[PDB]
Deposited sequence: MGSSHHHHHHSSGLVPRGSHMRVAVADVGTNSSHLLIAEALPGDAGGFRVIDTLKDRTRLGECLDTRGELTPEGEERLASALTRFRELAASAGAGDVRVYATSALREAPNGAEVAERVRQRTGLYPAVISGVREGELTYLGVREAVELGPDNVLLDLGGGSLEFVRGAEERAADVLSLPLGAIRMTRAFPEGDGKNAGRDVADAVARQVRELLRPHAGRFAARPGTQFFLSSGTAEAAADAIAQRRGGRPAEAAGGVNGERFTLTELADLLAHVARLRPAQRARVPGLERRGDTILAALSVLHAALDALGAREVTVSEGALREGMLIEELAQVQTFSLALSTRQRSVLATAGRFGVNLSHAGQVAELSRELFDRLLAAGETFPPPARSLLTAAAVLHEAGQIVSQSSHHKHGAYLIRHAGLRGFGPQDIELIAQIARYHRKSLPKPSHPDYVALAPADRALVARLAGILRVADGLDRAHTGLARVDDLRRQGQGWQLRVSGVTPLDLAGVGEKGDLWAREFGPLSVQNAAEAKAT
């Protein structure tokens, strides 16, 4: 009876899914419907050259299919999937992602570490109480993000190759009695080396609050509470918002370093994380200590909650700037079961491309922009192959379902032949619409047109926020653009 949305993130240790329903009032809020975690362990499926092995590909695809079936179970539809360090850093990442889409329909789109921090920071904001000056450390299996901001959003973000999986493999544990201490000591030195040039950006100042997210930080809080006399985090509901001190953090690591690995699996609260936990806890202590932290709060919110906020922000921001007639287009598309985020992004990019063409001296009729907006919103309505007149809606439908071969053949009855100027208009506006659809082929909502310039008889389009799938999609669907506007080279 209300919008249901699915977002998921693919990390280095595990993958995480969130399905939620928007809250009424278009206030950018959501109600949680369901959550899932997947032990993908890509960081353990990376060969010596940094490539994801076929085993990781099998494990990735399986995760995204679990995700794909659950979204349907909740009427959520499409799943937006972002990918971080393992896929970001794998030389074969793109090929793995392209293969996974073919097998699952879902594409793990890589984002930079910096966007990971910003989105992660928003997700924490949904879970805990932030103040005027906050530093977040997000330790995953692959990387460590540092994020500083205030009560609403991230300001400065740093991503470092200090992930837990990465550091465990980088500092192999010896067999001495003190082999554990030596590992913890060595990991702590690497942290200082890489963090030293930037730590001031994230160093504690009077009143600063420190926060931790993700499974290692969550795991540390559970073990610390059970050592303070508390019950396991499953009891007490969850671990969200628990505080512990740097001294308590220091005390937990010392116990682990003295134990051998099989006994680490038997520490209360660390039962499912024994293999990387020594290095992960060395990472947390050194960075917090290097920042001057004395006490932290753990957040169960992370990357996926931020994705949810951002998509709602994108959709609802789009909705405000549309006319009542255009607002009725989005609802109709909604009644057709279309993806509004995809529809909104394609329409925004279409306007972006239309406007640059207009600025460059292209001539278009007055209602052209209106028709393109609606067909961009309607381009994925399967039923049709509220405020618009009948020539215009036939134009829109013909723009929305354009093909070089017209579905009804020209001698065949019911062939709909618009006037010559309208035939020409359909082709020009349809050519614009294909490039924009290609630019959000990956459904990231992240693409933007930066610069579109004439280059001889053609055009050169500079875009940001594009995935390899988006860039190849634009290459594939601009054939009509080429017939009407000339060769297009896309860059960056």
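- Residues of the deposited sequence lacking C-alpha coordinates, numbered from 1, fall in the stretches 1-18, 404-421, 529-535.
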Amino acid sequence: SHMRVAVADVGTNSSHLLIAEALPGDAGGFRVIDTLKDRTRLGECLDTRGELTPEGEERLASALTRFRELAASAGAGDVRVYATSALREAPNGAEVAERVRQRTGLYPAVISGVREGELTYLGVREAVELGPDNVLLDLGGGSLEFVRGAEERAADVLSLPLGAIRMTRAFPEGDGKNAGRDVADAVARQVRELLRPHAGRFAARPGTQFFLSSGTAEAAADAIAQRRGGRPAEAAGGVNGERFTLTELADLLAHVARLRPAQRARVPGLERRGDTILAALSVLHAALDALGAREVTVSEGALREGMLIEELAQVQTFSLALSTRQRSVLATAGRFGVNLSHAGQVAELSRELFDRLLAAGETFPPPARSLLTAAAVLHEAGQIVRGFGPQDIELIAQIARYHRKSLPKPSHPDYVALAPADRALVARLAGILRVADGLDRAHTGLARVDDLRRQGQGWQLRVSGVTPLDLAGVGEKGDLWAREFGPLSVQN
From here on, numbers count along this sequence of modelled residues.
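- Residue 160 is built in all of the other entries compared, counting only those with both neighbours built, so it is not a gap in a third.
- For the cut-off of one third of the other compared entries, residue 325 qualifies: that many or more give it no coordinates while modelling its flanks.
- In this entry, 452-460 shows the higher mean Cα temperature factor of the pair 433-441 and 452-460.
- A summary of the deposited B-factors shows that, of 234-242 and 288-296, the stretch with the larger mean C-alpha value is 234-242.
- Residue-level inspection of the entry shows that, of 116, 126, 392, 89, 392 has the top Cα B-factor.
- You'll see in the entry that, of 209, 213, 328, 159, the Cα B factor peaks at 328.
- The deposited CA B-factor of residue 415 belongs to the highest third of values across its chain.
- Among all modelled residues in this chain, the alpha-carbon of residue 400 has a temperature factor (C-alpha) in the middle third.
- Ranked by C-alpha B-factor against the other modelled residues of its chain, residue 28 falls in the highest third.
- In the PDB entry, residue 272 places in the middle third of its chain by CA B-factor.
- The deposited CA B-factor of residue 409 belongs to the highest third of values across its chain.
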